[PDB]
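Engineer: The structure under discussion is supplied below as structure tokens; questions concerning it will follow.
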Amino acid sequence: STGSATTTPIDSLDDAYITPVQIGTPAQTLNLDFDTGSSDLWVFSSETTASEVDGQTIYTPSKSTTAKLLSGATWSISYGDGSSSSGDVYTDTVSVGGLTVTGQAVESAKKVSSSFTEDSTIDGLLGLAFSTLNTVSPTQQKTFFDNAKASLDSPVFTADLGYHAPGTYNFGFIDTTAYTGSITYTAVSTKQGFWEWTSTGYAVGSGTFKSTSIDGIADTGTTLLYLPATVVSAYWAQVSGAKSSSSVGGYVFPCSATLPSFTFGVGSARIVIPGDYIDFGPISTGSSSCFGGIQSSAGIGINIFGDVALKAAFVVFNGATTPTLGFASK
């Protein structure tokens with residue numbers, strides 16, 4: 001089997017992407033944030049504290065003839081941006097882009113933190129990291145991909161995120177029309193539960209490529225590209241007037257600037273992030289200070305190849321017995 005679903009930016013900045021997901025019988029379609037940096041499929045629901053729901057579409061398990069309470073199971077997750085959610089668990093039928101999994105753990109939120117409430121466009125998350133990170137207790141549950149894998153034509157999914165445009169998540173096949181050149185595959189460590197890999201270096205604009213190993217994670221659920229302070233400083237040094245602002249929380253730059261590209265290495269291959277992808281717009285409405293899309297990972301504890309990086313590529317998440325990651329230009 002295969003599936004193919006369009007993923008759509010939630011706003012004009014590509015802050016995140018939502019993908020429609022069918023849950024239950026009859027289907028309840030929720031728009032979920034596919035997140036290769038976590039491993040829980042959780043949804044706003046009829047169980048979510050009413051004051052914490054503001055415009056989201058909810059899953060109502062009592063209206064699904066295939067929903068079953070997973071007795072005794074609870075979940076609770078905290079993300080790198082400080083947001084969190086928790087609740088109980090149902091199993092139900094879940095379909096993405098025509099690919100159906102029966103008995104998928106659907107984690108129903110009883111509580112969500114303010115950032116989730118405040119984002120009316122995201123009805124929940126669909127985790128695509130390794131199931132070892134799944135938070136369901138006392139019986140850990142599998143991700144949608146893990147459950148689907150054996151049925152897939154090939155044990156892969158691909159992320160093809162758009163810049164200010166829709167893109168695609170495919171399951172079970174590689175669309176050879178969706179990228180240019182070849183896909184370069186690179187090793188993955190699953191030791192931390194992430195799609196963790198090592199970039200071979202970087203370049204800023206038309207500058208020379210610096211060969212240096214940068215371990216980080218391919219994380220569709222993180223907006224920006226978080227890299228070591230040395231790398232980030234080298235990038236922003238090429239933008240007149242750019243500076244790190246403690247008050248704003250990162251590098252900012254004059255909105256009048258034209259940003260240089262940023263290249264990262266995948267083996268001997270190179271992925272170029274155009275400068276415009278690195279512009280996250282005014283820090284506050286009407287400001288002429290703009291927020292940068294490349295930020296320091298110092299004090300995160302890990303480098304993160306988030307959407308800024310991934311949307312410059314066609315990315316293969318190869319879930320074979322030994323997982324790997326592939327990147328192609330597009």
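Chains: A, B, ... in order of the structure tokens. Residues: from 1 per chain. Ligands: from 1, in order shown.
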Using only C-alpha atoms, which residues of range 189-242 of chain A come within 12 Å of range 6-13 of chain A, and what is the closest atom pair for each, with the distance in Å to one decimal? Give it as a tab-separated table, sorted by chain and residue number.

Structural biologist:
residue	atom	partner	partner_atom	distance
A:220	CA	A:7	CA	11.2
A:221	CA	A:9	CA	11.9
A:223	CA	A:13	CA	9.5
A:224	CA	A:13	CA	10.9

Engineer: Which residues are near residue 145 in chain A? Cut-off 12 Å, only C-alpha atoms, ignore same chain within fewer than 3 positions. Put them as number ranges by chain.

Structural biologist: A: 2-3, 34-36, 39-41, 94-96, 99-101, 104-105, 126-131, 141-142, 148-152, 154-158, 169-172, 317-320

Engineer: What are the nearest atom pairs, with distances in Å to one decimal, for all residues of range 211-268 of chain A that come at most 10 Å from range 272-287 of chain A, using only C-alpha atoms, set out by chain and rising residue number as CSV?

Structural biologist:
residue,atom,partner,partner_atom,distance
A:223,CA,A:280,CA,9.9
A:224,CA,A:278,CA,8.3
A:225,CA,A:278,CA,8.7
A:248,CA,A:283,CA,7.5
A:252,CA,A:283,CA,7.9
A:253,CA,A:279,CA,8.9
A:254,CA,A:282,CA,9.0
A:255,CA,A:282,CA,7.0
A:257,CA,A:279,CA,9.5
A:258,CA,A:275,CA,7.3
A:259,CA,A:275,CA,4.5
A:260,CA,A:275,CA,4.6
A:261,CA,A:275,CA,4.1
A:262,CA,A:273,CA,5.1
A:263,CA,A:272,CA,4.3
A:264,CA,A:272,CA,6.6
A:265,CA,A:272,CA,8.9

Engineer: Print the selection's residues with N, CA, C and O atoms to a file, as a PDB file, in the first residue's frame.

Structural biologist:
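As written to disk, again_14.pdb reads:
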ATOM      1  N   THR A 223      10.145  24.711  13.263  1.00  0.00           N
ATOM      2  CA  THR A 223      10.070  25.666  12.170  1.00  0.00           C
ATOM      3  C   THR A 223      11.434  26.004  11.584  1.00  0.00           C
ATOM      4  O   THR A 223      11.597  26.070  10.368  1.00  0.00           O
ATOM      5  N   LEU A 224      12.391  26.289  12.467  1.00  0.00           N
ATOM      6  CA  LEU A 224      13.646  26.920  12.077  1.00  0.00           C
ATOM      7  C   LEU A 224      14.800  25.929  12.015  1.00  0.00           C
ATOM      8  O   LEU A 224      14.656  24.743  12.323  1.00  0.00           O
ATOM      9  N   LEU A 225      15.935  26.432  11.549  1.00  0.00           N
ATOM     10  CA  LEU A 225      17.169  25.678  11.486  1.00  0.00           C
ATOM     11  C   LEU A 225      18.046  26.114  12.650  1.00  0.00           C
ATOM     12  O   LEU A 225      18.441  27.281  12.724  1.00  0.00           O
ATOM     13  N   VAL A 248      14.583  39.635  22.087  1.00  0.00           N
ATOM     14  CA  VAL A 248      13.703  39.015  21.109  1.00  0.00           C
ATOM     15  C   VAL A 248      13.806  37.496  21.181  1.00  0.00           C
ATOM     16  O   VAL A 248      12.825  36.793  20.949  1.00  0.00           O
ATOM     17  N   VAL A 252      18.165  38.698  14.811  1.00  0.00           N
ATOM     18  CA  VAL A 252      17.272  39.557  14.070  1.00  0.00           C
ATOM     19  C   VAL A 252      18.102  40.290  13.037  1.00  0.00           C
ATOM     20  O   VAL A 252      19.324  40.398  13.159  1.00  0.00           O
ATOM     21  N   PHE A 253      17.435  40.817  12.028  1.00  0.00           N
ATOM     22  CA  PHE A 253      18.135  41.498  10.971  1.00  0.00           C
ATOM     23  C   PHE A 253      17.228  42.571  10.382  1.00  0.00           C
ATOM     24  O   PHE A 253      16.011  42.510  10.509  1.00  0.00           O
ATOM     25  N   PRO A 254      17.817  43.575   9.712  1.00  0.00           N
ATOM     26  CA  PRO A 254      16.971  44.618   9.126  1.00  0.00           C
ATOM     27  C   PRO A 254      16.074  44.034   8.061  1.00  0.00           C
ATOM     28  O   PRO A 254      16.544  43.328   7.176  1.00  0.00           O
ATOM     29  N   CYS A 255      14.785  44.334   8.115  1.00  0.00           N
ATOM     30  CA  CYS A 255      13.885  43.763   7.139  1.00  0.00           C
ATOM     31  C   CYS A 255      14.228  44.210   5.716  1.00  0.00           C
ATOM     32  O   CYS A 255      13.782  43.575   4.758  1.00  0.00           O
ATOM     33  N   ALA A 257      17.098  43.954   4.412  1.00  0.00           N
ATOM     34  CA  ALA A 257      18.205  43.147   3.910  1.00  0.00           C
ATOM     35  C   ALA A 257      17.765  42.144   2.864  1.00  0.00           C
ATOM     36  O   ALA A 257      16.637  41.662   2.861  1.00  0.00           O
ATOM     37  N   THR A 258      18.695  41.818   1.983  1.00  0.00           N
ATOM     38  CA  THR A 258      18.582  40.637   1.141  1.00  0.00           C
ATOM     39  C   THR A 258      19.467  39.564   1.764  1.00  0.00           C
ATOM     40  O   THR A 258      20.667  39.767   1.904  1.00  0.00           O
ATOM     41  N   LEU A 259      18.885  38.436   2.158  1.00  0.00           N
ATOM     42  CA  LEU A 259      19.629  37.416   2.889  1.00  0.00           C
ATOM     43  C   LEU A 259      20.406  36.518   1.948  1.00  0.00           C
ATOM     44  O   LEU A 259      19.915  36.149   0.890  1.00  0.00           O
ATOM     45  N   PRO A 260      21.606  36.108   2.365  1.00  0.00           N
ATOM     46  CA  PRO A 260      22.348  35.112   1.596  1.00  0.00           C
ATOM     47  C   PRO A 260      21.757  33.726   1.787  1.00  0.00           C
ATOM     48  O   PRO A 260      21.074  33.446   2.773  1.00  0.00           O
ATOM     49  N   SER A 261      22.006  32.855   0.826  1.00  0.00           N
ATOM     50  CA  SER A 261      21.648  31.463   0.986  1.00  0.00           C
ATOM     51  C   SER A 261      22.502  30.787   2.048  1.00  0.00           C
ATOM     52  O   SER A 261      23.510  31.329   2.498  1.00  0.00           O
ATOM     53  N   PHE A 262      22.076  29.592   2.432  1.00  0.00           N
ATOM     54  CA  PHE A 262      22.828  28.751   3.334  1.00  0.00           C
ATOM     55  C   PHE A 262      22.829  27.353   2.763  1.00  0.00           C
ATOM     56  O   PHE A 262      21.770  26.805   2.462  1.00  0.00           O
ATOM     57  N   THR A 263      24.015  26.771   2.614  1.00  0.00           N
ATOM     58  CA  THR A 263      24.155  25.431   2.080  1.00  0.00           C
ATOM     59  C   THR A 263      24.534  24.475   3.190  1.00  0.00           C
ATOM     60  O   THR A 263      25.403  24.805   4.011  1.00  0.00           O
ATOM     61  N   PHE A 264      23.893  23.306   3.234  1.00  0.00           N
ATOM     62  CA  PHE A 264      24.362  22.260   4.117  1.00  0.00           C
ATOM     63  C   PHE A 264      24.733  21.002   3.341  1.00  0.00           C
ATOM     64  O   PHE A 264      24.180  20.708   2.287  1.00  0.00           O
ATOM     65  N   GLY A 265      25.709  20.274   3.869  1.00  0.00           N
ATOM     66  CA  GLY A 265      26.202  19.074   3.223  1.00  0.00           C
ATOM     67  C   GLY A 265      25.463  17.824   3.653  1.00  0.00           C
ATOM     68  O   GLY A 265      25.128  17.637   4.828  1.00  0.00           O
TER      69      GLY A 265
END

Engineer: I need the strand (DSSP E or B) residues of range 117-187 of chain A per DSSP on the backbone, written as a PyMOL selection string.

Structural biologist: chain A and resi 124-127+137+156-160+167-171+184-187

Engineer: I need the residues from that last selection saved to file as a compact mmCIF listing (two decimals), in the first residue's frame (with C-alpha atoms), if you can.

Structural biologist:
# COMPACT_ATOMS: atom_id res chain seq x y z
CA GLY A 124 -3.05 17.86 16.90
CA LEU A 125 0.25 16.22 16.06
CA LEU A 126 1.14 13.06 14.20
CA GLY A 127 4.53 11.86 15.36
CA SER A 137 1.96 4.68 29.72
CA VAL A 156 9.63 4.73 3.75
CA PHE A 157 7.93 8.05 3.95
CA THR A 158 8.96 11.28 2.29
CA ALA A 159 8.62 14.93 3.22
CA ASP A 160 8.40 17.48 0.44
CA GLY A 167 3.83 20.20 -0.41
CA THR A 168 3.43 16.48 0.09
CA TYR A 169 3.92 13.64 2.53
CA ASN A 170 4.11 10.27 0.80
CA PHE A 171 4.10 6.88 2.49
CA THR A 184 21.96 11.12 -1.32
CA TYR A 185 21.47 8.80 1.60
CA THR A 186 23.18 9.24 4.94
CA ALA A 187 23.38 7.25 8.15

Engineer: Quick one: DSSP alpha helix (DSSP H) residues in range 189-249 of chain A, as a list in words?

Structural biologist: residues 229, 230, 231, 232, 233, 234, 235 and 236 of chain A

Engineer: Go ahead and save the residues from that selection, with C-alpha atoms, as a PDB file, in the first residue's frame.

Structural biologist:
ATOM      1  CA  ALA A 229      26.715  29.129  17.494  1.00  0.00           C
ATOM      2  CA  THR A 230      29.873  29.250  15.387  1.00  0.00           C
ATOM      3  CA  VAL A 231      27.950  28.375  12.217  1.00  0.00           C
ATOM      4  CA  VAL A 232      25.099  30.747  12.987  1.00  0.00           C
ATOM      5  CA  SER A 233      27.466  33.618  13.744  1.00  0.00           C
ATOM      6  CA  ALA A 234      29.227  33.025  10.440  1.00  0.00           C
ATOM      7  CA  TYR A 235      25.906  33.203   8.626  1.00  0.00           C
ATOM      8  CA  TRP A 236      24.593  36.375  10.240  1.00  0.00           C
TER       9      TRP A 236
END

Engineer: Nearest to residue 329 in chain A: which of A:191, A:179, A:114, A:72 is it, counting only C-alpha atoms?

Structural biologist: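 Closest to residue 329 in chain A, using only C-alpha atoms: A:179.
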
Engineer: Taking only C-alpha atoms into account, name the residue in A:84, A:93, A:45, A:211 that is nearest to residue 67 in chain A.

Structural biologist: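 Looking at the shortest contact to residue 67 in chain A, the residue is A:93.
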
Engineer: Distance CA of residue 136 in chain A-CA of residue 110 in chain A, one decimal place?

Structural biologist: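 That distance, rounded to one decimal, is 13.9 Å.
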
Engineer: Of the candidates A:140, A:132, A:303, A:115, which one gets nearest to residue 199 in chain A if we count only C-alpha atoms?

Structural biologist: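 Nearest candidate to residue 199 in chain A out of A:140, A:132, A:303, A:115: A:303.
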
Engineer: Counting only C-alpha atoms, give me one row per residue of range 180-217 of chain A with an atom at most 12 Å from an atom of range 294-302 of chain A, showing the shortest contact pair and its distance in Å to one decimal, sorted by chain then residue number, as CSV.

Structural biologist:
residue,atom,partner,partner_atom,distance
A:192,CA,A:302,CA,10.5
A:194,CA,A:302,CA,10.8
A:196,CA,A:302,CA,9.7
A:197,CA,A:302,CA,11.3
A:198,CA,A:302,CA,11.6
A:204,CA,A:294,CA,11.4
A:214,CA,A:302,CA,9.8
A:215,CA,A:302,CA,7.8
A:216,CA,A:302,CA,6.1
A:217,CA,A:302,CA,7.7

Engineer: Kindly save the residues from that selection, with N, CA, C and O atoms included, as a short mmCIF file (atom, residue, chain, number, x, y, z; two decimals), in the first residue's frame.

Structural biologist:
data_model
loop_
_atom_site.label_atom_id
_atom_site.label_comp_id
_atom_site.auth_asym_id
_atom_site.auth_seq_id
_atom_site.Cartn_x
_atom_site.Cartn_y
_atom_site.Cartn_z
N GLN A 192 18.67 8.29 20.22
CA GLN A 192 17.88 9.25 20.97
C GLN A 192 16.43 9.26 20.50
O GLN A 192 15.65 10.11 20.93
N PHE A 194 15.35 9.86 17.48
CA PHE A 194 15.14 10.83 16.41
C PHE A 194 15.74 10.33 15.11
O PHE A 194 16.54 9.39 15.08
N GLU A 196 18.30 11.16 13.49
CA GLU A 196 19.52 11.89 13.80
C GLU A 196 20.60 11.49 12.81
O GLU A 196 20.83 10.31 12.57
N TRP A 197 21.27 12.48 12.25
CA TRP A 197 22.23 12.27 11.18
C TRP A 197 23.35 13.30 11.32
O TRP A 197 23.29 14.15 12.20
N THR A 198 24.36 13.20 10.47
CA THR A 198 25.50 14.10 10.55
C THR A 198 25.72 14.78 9.20
O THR A 198 26.10 14.14 8.22
N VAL A 204 28.02 29.68 3.46
CA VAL A 204 27.17 30.86 3.56
C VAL A 204 27.23 31.59 2.23
O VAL A 204 28.31 31.98 1.78
N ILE A 214 28.27 18.03 11.56
CA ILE A 214 27.22 18.64 12.36
C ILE A 214 26.14 17.60 12.60
O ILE A 214 25.35 17.30 11.70
N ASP A 215 26.11 17.05 13.80
CA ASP A 215 25.09 16.09 14.17
C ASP A 215 23.79 16.82 14.46
O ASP A 215 23.79 17.78 15.22
N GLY A 216 22.68 16.36 13.92
CA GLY A 216 21.43 16.99 14.22
C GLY A 216 20.28 16.11 13.80
O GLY A 216 20.48 15.00 13.29
N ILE A 217 19.07 16.61 14.00
CA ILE A 217 17.88 15.82 13.70
C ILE A 217 17.08 16.44 12.58
O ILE A 217 16.98 17.65 12.47
#

Engineer: Calculate how many Å separate CA of residue 188 in chain A from CA of residue 203 in chain A, rounding to one decimal.

Structural biologist: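 Straight-line distance from CA of residue 188 in chain A to CA of residue 203 in chain A works out to 22.5 Å.
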
Engineer: In Å, how far is it from CA of residue 111 in chain A to CA of residue 61 in chain A?

Structural biologist: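 Here the two named atoms are 16.2 Å from each other.
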